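Each chain gets a letter, A, B and so on, in the order the sequences are listed, and its residues count up from 1.
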Amino acid sequence: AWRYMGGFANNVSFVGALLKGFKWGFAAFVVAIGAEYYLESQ
Amino acid sequence: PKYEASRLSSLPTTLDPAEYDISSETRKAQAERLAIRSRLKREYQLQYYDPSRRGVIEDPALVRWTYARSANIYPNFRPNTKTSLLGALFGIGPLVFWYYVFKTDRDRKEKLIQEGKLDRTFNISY
Amino acid sequence: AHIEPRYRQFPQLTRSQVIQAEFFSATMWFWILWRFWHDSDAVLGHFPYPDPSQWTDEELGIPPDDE
Amino acid sequence: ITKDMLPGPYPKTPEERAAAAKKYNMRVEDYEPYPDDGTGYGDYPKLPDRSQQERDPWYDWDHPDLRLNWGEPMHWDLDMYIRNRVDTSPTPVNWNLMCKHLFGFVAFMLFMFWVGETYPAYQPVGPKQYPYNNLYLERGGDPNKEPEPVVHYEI
Amino acid sequence: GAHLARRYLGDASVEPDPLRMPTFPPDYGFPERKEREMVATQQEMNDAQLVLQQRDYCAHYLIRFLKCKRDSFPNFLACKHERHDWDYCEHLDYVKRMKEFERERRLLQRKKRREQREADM
Amino acid sequence: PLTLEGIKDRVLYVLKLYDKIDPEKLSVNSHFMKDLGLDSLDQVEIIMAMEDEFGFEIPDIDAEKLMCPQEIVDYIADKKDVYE
Amino acid sequence: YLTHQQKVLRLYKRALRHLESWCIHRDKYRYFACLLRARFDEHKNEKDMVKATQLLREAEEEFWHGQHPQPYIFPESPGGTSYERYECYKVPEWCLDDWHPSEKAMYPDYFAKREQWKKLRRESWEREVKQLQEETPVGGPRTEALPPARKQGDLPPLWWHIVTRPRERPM
Amino acid sequence: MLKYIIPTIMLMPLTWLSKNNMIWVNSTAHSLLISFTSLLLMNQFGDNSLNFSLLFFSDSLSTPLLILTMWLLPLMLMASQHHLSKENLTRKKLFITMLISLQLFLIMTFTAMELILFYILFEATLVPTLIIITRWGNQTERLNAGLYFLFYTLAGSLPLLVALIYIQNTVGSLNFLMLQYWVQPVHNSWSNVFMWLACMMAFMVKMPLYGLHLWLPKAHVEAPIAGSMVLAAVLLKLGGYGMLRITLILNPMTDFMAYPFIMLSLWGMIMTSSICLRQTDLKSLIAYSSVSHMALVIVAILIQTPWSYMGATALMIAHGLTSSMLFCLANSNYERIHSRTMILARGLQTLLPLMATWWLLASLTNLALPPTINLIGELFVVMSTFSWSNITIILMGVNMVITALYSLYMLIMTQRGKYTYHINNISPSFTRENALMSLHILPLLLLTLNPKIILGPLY
Amino acid sequence: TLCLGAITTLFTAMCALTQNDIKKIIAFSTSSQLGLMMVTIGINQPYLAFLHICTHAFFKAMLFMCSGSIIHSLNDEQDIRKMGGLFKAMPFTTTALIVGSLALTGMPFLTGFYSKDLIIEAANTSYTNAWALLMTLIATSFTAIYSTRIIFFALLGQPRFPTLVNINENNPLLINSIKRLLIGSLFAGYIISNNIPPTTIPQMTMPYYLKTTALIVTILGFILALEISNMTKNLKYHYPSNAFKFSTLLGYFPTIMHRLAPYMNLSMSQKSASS
Amino acid sequence: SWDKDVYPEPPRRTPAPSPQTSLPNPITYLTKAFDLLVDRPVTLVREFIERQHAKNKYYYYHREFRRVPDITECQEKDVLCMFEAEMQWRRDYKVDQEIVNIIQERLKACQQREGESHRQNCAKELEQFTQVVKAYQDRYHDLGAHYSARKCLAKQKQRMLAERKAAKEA
Amino acid sequence: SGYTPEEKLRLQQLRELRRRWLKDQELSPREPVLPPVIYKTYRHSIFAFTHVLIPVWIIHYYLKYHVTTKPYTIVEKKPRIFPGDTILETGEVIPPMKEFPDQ
Amino acid sequence: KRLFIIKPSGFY
Ligand SMILES: CCCCCCCCCCCCO[C@@H]1O[C@H](CO)[C@@H](O[C@H]2O[C@H](CO)[C@@H](O)[C@H](O)[C@H]2O)[C@H](O)[C@H]1O
Ligand SMILES: CCCCCCCCCCCCO[C@@H]1O[C@H](CO)[C@@H](O[C@H]2O[C@H](CO)[C@@H](O)[C@H](O)[C@H]2O)[C@H](O)[C@H]1O
Ligand SMILES: CCCCCCCCCCCCO[C@@H]1O[C@H](CO)[C@@H](O[C@H]2O[C@H](CO)[C@@H](O)[C@H](O)[C@H]2O)[C@H](O)[C@H]1O
Ligand SMILES: CCCCCCCCCCCCO[C@@H]1O[C@H](CO)[C@@H](O[C@H]2O[C@H](CO)[C@@H](O)[C@H](O)[C@H]2O)[C@H](O)[C@H]1O
Ligand SMILES: *C(=O)CCCCCCCCCCCCC
């Protein structure tokens, strides 16, 4: 039972594993291109 | 699908039909095998555990093995149709085989060199 | 040590390993997205591939049958 | 070791067989010499042609690495059956089936590679064109013999 | 692929042989066919030390790119424009080879067609 | 770093999670057959649970002899050179 | 040398370990482990031993067909990835007898206690030999079993190489 | 050569007039000094040999063999002084005298200008060698080994004597410098076939050629350590050195007469190499390894090319040090367990760490790891036999694989695995033993930095 | 060399599909990747073969280092069937393992993409053995499958390791060493490809289906690998096929060759040569 | 330090720096650091050593071998003349080995120097290598390990006889 | 199928001895009785001096004054020359390429 | 605690 409880209860799925860090990678990416659009625009 | 044993893959002991059909005569033999093994084990352990011993516990089985694998062969060798044919087949045969391989190769090479059809343009090391 | 083993339980984790691991996972995805934004041709195609069936006989120098 | 404890000639009488079995620490019912041809085995026992890897690894062998006990008769080919060399252990797949599948796989692949050479893949393009008479001079061509011209045209 | 199915499964007689093409004269059907111009001289390619397989009809763009790379060091992200000009020239070169293949294919199909016309009397 | 008490606790911990043993009538000297009323198939499963617990194999010739928790503790302490 | 019971219980343990290798997941393994245990339980009370042997033989043929070709092996079991790994670090205790006096001088307490063990071994040996003589039938021992010490102050015969064997993790 | 003959002779009064307890110290020290002076023979010229007098000359072939010979004497005294400790004083001195007299014959043998003088000294080396094996060998079979050694040699060397005397009658001289200029081609005839065989068989038996090699595994298994060292290091090379000289006067008949002996060597080396994989006695295994290495030398000598002659010379020197090392390594185990059985004492790297390093280094040279001179010699032979016939590379390549297998098999079996439980007398390596091993390998590996001095006249 | 590399890359990738020892899966991964380099030699692209050597060095070395991190934390356990549930327990080794697997499978713009994808396009558009080309593409799909196998069984699901938990990847020597190779596994290919001087004329004109073949077969490999992995959770018991046994036992090549050839040679030595 | 005619070298043509970037060249600064930290101290030590050498100038010479009659002028079995002819032949043979080595060295340096243009720009070196190797092969190839001036002369006469025979039938 | 009472007694006695032996392997406190950022840069400063600067001095001295004083010991690939380059040795100016056709 | 490590003599 211990293998299905506590900190082991919820593991990611395979697609969830590949997308580790995608949220912040996307947040940084969006800020980076927006800045680049700004610099080019000037 | 039955197990087919080979020289390099033995029949598993659990699939051996003689493993289960065990008679009182077969249990008697297994007991005698364990008595020989136990008698030798005791003889070994009495020397192995002796605090005053320093050296090698000579093993007659090892001595018999090394003696058999050398000195004991020729005395028990008999020239007959088997050893003579194996003696000829793998003793003279390879020498004759390789002689013709190399002799034929070298005759062909020497004939081309004399006729000037072997390319030795930069061959000055030999 | 500073990490003591646990019995039948999820192990003790430090903040350093979690933060560092996420930063490099986030770094991986930013890099892919950033590269894909500017270099999408490296994945999809650099130049158009023509249809040879749409080349006229005139530009390929194909004379008419009775020539 | 006295000479009575060393290997001797092939045993002929039943009494010799009993003597040989005892010298080799075997039951006379188990002792069996190699067939008496000219080979030269003498009376040395013929034991099962089995690797040491097949012996029980949990038993307390006097020689754990070899899985031998002191005093037990050694197989004639013991040095070929150490655990570093020839294994005869049972296999999960029959020996003959393994040879069929391995050879069949290799033979099939060789056939297809020959097929693939006879019908190669390629793109629908003409030859690559090079200037200066197909780079006649750059490729080491003799500069005193004019090359046969190679002319390329626009399309 | 597609052309390979036609040649190997279909009729090989109307498909180009990549190892023999062209099999028709360059000017056959092409009144006043121009010569391929060459911008880089042999000496320039020799001095630039281009790989022989790079000494093709786009070498002038490769030479321009190579010079930019050496001059822009340590900025290895420069010379993108020069690199694209060389890549684009090679694309046009490849398309010309596609045209040669397609031209050869249609001439073979014409040759066969005339032979049906000739022997159907 | 195993200790004699650590081995004993884990051996009894595993047995207390086995539905066929009453956790209140279990001591380090309880005999699996003569006291807890188990059979040899049950004993084989107990040994397998200990092997998983401590991550090593117990050979069949030795395993069949371990018939109480204390014997298992003694067997494991011997293999692992545990003396305290 | 194996009874019928020993053969059956060895197959049960062996079959479960190969089953676990196929299943992998614990919940899946638990499910099929109970199904396999049921199969052994249906023929638990077979009395006709001819039938019992036939059941064992057929079961072994079934195991051979369905065994995992690459079963799990505990790392330090024979055939495991750590088997014999630390044998190169195991040094026999007699090697300390050849240490230079300056080497022994670095561990004055260890070698003083070592001399006590050597004294204990020396003074126990004659009684160990005698005990084995008087307990061994005429034709030598018939099994490899050894006896305990009988009196107080005696040590079990042939104890030294068991008690002083190298540690499993000697370095 | 008198500057080497006389101090070698003086070693005998030194040993007999030494204090009882200083025979090993004195003989070892002064034979090392003689070895030091032997480096003066390196005064070699590009065109001419070093022609000392009417009796003795040195060239690039004999010089490396001379230096190996004089180096081995102190090494042999080091190796012998332990197993001879119980021997009484007079018999210890007689043993040392036999070693000294062997060196005297050897240095004269390798520098004799006249071939009949070379013959007598070539034969004289049998006497002390036979005495060392039969008198100071350990086992009953040393007497048989002495006989096989004696009669294999004489069966071949007596016909050589007749051939040599016949050549002198026909040519007028046996001086090797004279023969270089008065040599005449050997025409085809049955008389010349047997003249060729008489001129060669004695050297083949010593090498030994495959088929005439059965005396050598016997001699090694029975000889004391010093006997094995000199046998493997130098005495085998008497055949090679003899062949390298006498082939001068056998052309062009060698073109076709060499074929049967090339087949025996080419196939012989694979057989003997394969045999090593199954040997149970460590000395016997090393002995069979020598037959395989020397089969390369026979081929190299018989095909007569500059590359093959350079490779033959390097191989002879390289094998001399390597095989002598291997016997010394095997002997150091014997002095502890008193058995030559390879499988008896295992896992010795756990008990003798530094001795296992010497075992590793010796094995690596035996399998010819580049850039050791063992590999240089083998490679030069492989290059030259490829031109002789491209197919030989298959046989040469297979032997290289088998050589690695049996060399590492010997290392693995004795040094690795688990130690044998009951062998509890493996005492730590002595300074003498460690110094003996390093006095083999260090000059061997140093020669890699200047290989030209062991490449011979064709360099 | 083209055909030698193609059979190697296909055969060893097939073997990796069923291996359970983590070090052996990655070992067979190397053999498969070496075969691809040998294919690149076969299609006359030596500088592409060299580039793959350089890129492969980063993520392959990381993958072994990550596996060593797992093996150490599980007290020298190397069987993936005894791993599981490590995605959160070892977050940094997980990140490195995922990055390394994505670089190996040619995820765009990671270090492995700058060599493998160019190799696949070069092979796709070359005048080449058709069979060798197909074997190479299938082996590319198999790369996705056996990489999925490591991630699925080592990191996801529930723990299958013993009860005394000794997981700990918090040593700076471990973290820093893997960290540097993680940075290389992301950017090294981009940095190298943008600095080396051109020595060929890279083929950049091709149909859409020859340009994206590497990406598609890799994606299909991942999807198919997920179907197989998830089916191991169903409460169904399956008998083994010949294909499964052939893959697990490595085509029987070691079993047949390492018994037969040593037996024949060693038997010749004692029976005929010696005696 | 060496004769430039024996070991020729084309005049080296180095392009001048022509930057097209505002970034500094790290190689330029490392070159300055290397010149300051490595070259200058090394040069100072050498100049000290060269000053000591200039205080003890002494000479060595290249040995000159006068020509002696060759094997063609030696009476059969006249060892005294044969010996001097043979030693001279052996010295010439060693010299001819080094002449081939010089030409091979020229060829190898051209190949590296000319880079990707080596197949065209090294024709003269390749031609010279081909000719000397042919000349060397004629003289010395196939003589065997026990070579001599006698065997070399016999080979030459065999070649001369073949050349005359062909010329006659022509 | 458990221990016989004699097997149990022997194991208990060996177990007592084995545990005593293992305890006696512990070292006493005195054993082994042995016979008689500023820092970080300095550690790396001494290493750079002895393992980079000293070796490079020796190699440069060896290359400059022994190796490069012999023919063909160091052979460089000759520098690439592009249209529009200037030569330092001579001052020669390499002419530019033709005008490119528009593309 | 610290345990004695049995090694062969390293002095020689
Ligand atoms: C050139 C640009 C390159 C890209 C640079 C991108 C930098 C981005 C840095 C982001 C740092 C995020 O740091 C990490 O984020 C994750 C988000 O799940 C947090 O994790 C969070 O969710 C998990 C469960 O999902 C829980 O543990 C908890 O709710 C919280 O910790 C970590 O606690 C935090 O340590
Ligand atoms: C992209 C992949 C490219 C490579 C694909 C290669 C696949 C080719 C496989 C060829 C080898 C098949 O070889 C063949 O297998 C079948 C099934 O076991 C065997 O069939 C036999 O064995 C089985 C099992 O014992 C029994 O049903 C029966 O004895 C018999 O049918 C044949 O005796 C064998 O000749
Ligand atoms: C005119 C023709 C005769 C020429 C004779 C020339 C030499 C004459 C030498 C006479 C002295 C010989 O000396 C005699 O022999 C040896 C060596 O000295 C000595 O005895 C020796 O014993 C042992 C060696 O066996 C050593 O310790 C040491 O060499 C010496 O003490 C005797 O004690 C001595 O009496
Ligand atoms: C081809 C050139 C070289 C040929 C050399 C051949 C000459 C003979 C060499 C050996 C001479 C030894 O002389 C004698 O040989 C026989 C065997 O051969 C030895 O005898 C040995 O073998 C025989 C036969 O198996 C046994 O019966 C005997 O028990 C054993 O000791 C003698 O003890 C030895 O005295
Ligand atoms: C079109 O541009 C070519 C694309 C390449 C297709 C290769 C097909 C491979 C199928 C198996 C080959 C069998 C051997 C003939």
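- The aromatic rings of G:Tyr86 and G:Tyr89 sit tilted relative to each other, their planes meeting at an angle between 30° and 60°.
- Between the side chain of I:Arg160 and the backbone N or O of I:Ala154, no donor-acceptor pair lies under 3.5 Å.
- Side-chain contact of I:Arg149 with I:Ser229: a donor-acceptor pair under 3.5 Å is absent, judged by distance alone.
- Aromatic ring centres of G:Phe74 and F:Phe56 lie farther apart than the 6.0 Å criterion allows.
- A heavy-atom distance below 4.5 Å is found between the side chains of G:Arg30 and G:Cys34.
- Minimum interatomic distance between G:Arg14 and B:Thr14 (heavy atoms only, all atoms of both residues): NH2-CG2, 4.0 Å.
- Cation-pi geometry between F:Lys80 and F:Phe54 is not satisfied (NZ or CZ under 6.0 Å from the ring centre, within 45° of the ring normal).
- Looking at I:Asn166 and C:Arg6, their side chains never bring a donor and an acceptor atom within 3.5 Å of each other.
- When only modelled atom types and interatomic distance are considered, B:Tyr3 and G:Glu61 share no side-chain donor-acceptor pair under 3.5 Å.
- Between G:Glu20 and G:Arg26 a salt bridge is recorded (basic side-chain N to carboxylate O distance below 4.0 Å).
- Electrostatic pairing of G:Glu84 and D:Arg83 counts as a salt bridge here, judged by a charged N lying under 4.0 Å from a carboxylate O.
- For K:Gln13 and G:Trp159, the side-chain atoms include no donor-acceptor pair closer than 3.5 Å.
- With no hydrogens or angles considered, no side-chain donor-acceptor pair links C:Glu4 and C:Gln12 at under 3.5 Å.
- Under the 4.0 Å criterion applied to side-chain N and carboxylate O atoms, F:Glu57 and G:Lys13 are not assigned as salt-bridge partners.
- Aromatic ring centres of A:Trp2 and C:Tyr7: separated by at least 6.0 Å.
- We find that G:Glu144 and B:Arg37 are joined by a salt bridge, their nearest charged nitrogen and carboxylate oxygen being less than 4.0 Å apart.
- Between the side chains of I:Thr248 and I:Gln19, no donor N or O sits under 3.5 Å from an acceptor N or O.
- With respect to I:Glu77 and I:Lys23, no salt bridge is recorded, no charged nitrogen being found less than 4.0 Å from a carboxylate O.
- For the residue pair F:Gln70/F:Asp74, the side-chain donor-acceptor check at 3.5 Å is satisfied.
- Pairing each heavy atom of G:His25 with each of I:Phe152, the nearest pair is CE1-CE2, 4.4 Å.
- Here the OG-CG distance, from G:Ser82 to I:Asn75, works out to 10.0 Å after rounding to the nearest 0.5 Å.
- The side-chain heavy atoms of D:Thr88 and D:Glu54, taken from C-beta on, include a pair separated by under 4.5 Å.
- Using a 3.5 Å distance cut-off with no hydrogens or angles, the side chains of I:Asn20 and G:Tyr72 do not pair a donor with an acceptor.
- One finds a salt bridge joining I:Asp76 and G:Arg85 here, because a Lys/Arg side-chain nitrogen approaches an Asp/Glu carboxylate oxygen to under 4.0 Å.
- Remark: the K:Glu7 side chain and the K:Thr4 side chain contain an N/O donor-acceptor pair separated by less than 3.5 Å.
- Taking 4.0 Å as the cut-off between side-chain N and carboxylate O, B:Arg39 and B:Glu32 do not count as a salt-bridged pair.
- Using modelled atom types, one finds a donor on one side chain and an acceptor on the other under 3.5 Å when comparing F:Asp42 with F:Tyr18.
- Ring pair G:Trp22/I:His238 is perpendicular by interplanar angle, where above 60° counts as perpendicular and below 30° as parallel.
- Salt bridge K:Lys23/K:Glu26: present, at least one basic N to carboxylate O contact under 4.0 Å.
- Remark: the K:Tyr3 side chain and the K:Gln12 side chain contain no N/O donor-acceptor pair separated by less than 3.5 Å.
- Judged purely by distance below 3.5 Å, without hydrogens or angles, the side chains of I:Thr18 and G:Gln70 never pair a donor atom with an acceptor atom.
- Between the side chains of D:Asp87 and D:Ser89, at least one donor N or O sits under 3.5 Å from an acceptor N or O.
- Using a 4.0 Å cut-off between charged nitrogen and carboxylate oxygen, G:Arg37 and G:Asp41 count as a salt-bridge pair.
- The residues G:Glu60 and G:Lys7 are annotated as not salt-bridged, no charged nitrogen and carboxylate oxygen being separated by less than 4.0 angstrom.
- No more than 12 heavy atoms of other residues, nucleotides or ligands sit less than 6.0 Å from atom CG of B:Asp21.
- Ionic pairing of D:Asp56 and D:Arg67 is not present here: no N-O contact between side-chain nitrogen and carboxylate oxygen is shorter than 4.0 angstrom.
- Between the side chains of I:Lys88 and A:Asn11, no donor-acceptor pair is found at a separation under 3.5 Å.
- Look at G:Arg17 and F:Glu51 and you find a salt bridge, because one of the NZ, NE, NH1 or NH2 atoms lies within 4.0 Å of a carboxylate O, short of that distance.
- Less than 6.0 angstrom separates the ring centroid of G:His65 from the ring centroid of I:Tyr239.
- In the model, F:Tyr75 has a side-chain atom that pairs as donor or acceptor with a side-chain atom of F:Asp62 under 3.5 Å.
- Between G:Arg57 and B:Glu19 there is no salt bridge, since none of the side-chain N atoms of the basic residue sits less than 4.0 Å from a carboxylate O of the acidic one.
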